[PDB]
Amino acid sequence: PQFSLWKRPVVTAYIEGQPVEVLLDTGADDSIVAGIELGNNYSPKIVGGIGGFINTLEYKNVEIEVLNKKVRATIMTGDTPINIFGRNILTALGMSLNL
């Protein structure tokens, strides 16, 4: 598909079967998701953006289906105002920015 950017590039994904609305984000190195519990095999992390820093919990090899594709990808959970799939996932979908 094509996202033309007049509006935000927002889709629904399934993360281990749970439906989440996520923002496709070329400006995020990582993917961060608020309000889902991925269990106990995590490593605590710090990520920055505009406005400071967050403590996240890093989960490896999590199962996602989005845009009718299926990937296993690293997901961080933390207190974010918007769930973002960053370049770790965009690349695995084979997505590019074109002009």
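We number the residues from 1 along the sequence you see.
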>> Comparing average C-alpha B factors as deposited, tell me which of 26-34 and 46-54 sits higher.
In response: 46-54
> Of 1-9 and 89-97, which one has the bigger average CA B-factor?
Replying inline: 1-9
> If you rank the chain by CA B-factor, which third does residue 83 end up in: lowest, middle or highest?
Replying inline: lowest
>> Could you place residue 71 in the lowest, middle or highest third of its chain by Cα temperature factor, using the values in the record?
In response: highest
